[PDB]
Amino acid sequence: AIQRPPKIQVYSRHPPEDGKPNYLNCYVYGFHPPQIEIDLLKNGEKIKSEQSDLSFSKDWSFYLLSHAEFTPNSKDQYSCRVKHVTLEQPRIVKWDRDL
């Protein structure tokens, strides 16, 4: 009966600047069980991404990084969408480039 919801951070590897190549990351952690879907969105649609190898922390909870090379610019909006048994609907977390 142990079900822990994911925590999500969305962020660029480097401080972002228009027309400079970069990497977009969605780190998803603290979750259990391990089945999970993690999609990077560009303007609300799925872009191609790669995902790190399933690993876990001391309390058994899992963590994954979903990542894609991207070139930020003034128009494009990014987000990460996560589906998990503990979430009644998919959770979308917007990339806040001004944090």
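Numbers for residues come from their place in the sequence shown, where the first is 1. Just so we're on the same page, rigid core means the largest C-alpha set that superposes within 1.5 Å between forms.
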Do the Cα atoms of 51-59 stray more than those of 28-36 in 5 other deposited structures of this protein, or is it the other way round, with the core held fixed?
51-59
State which stretch shows the higher mean Cα B factor in the entry: 48-56 or 68-76.
68-76
Would 12-20 or 82-90 have the larger average of its C-alpha temperature factors, as given in the entry?
12-20
Compare the C-alpha B factor of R97 with those of the other modelled residues in its chain, then answer lowest, middle or highest third.
highest
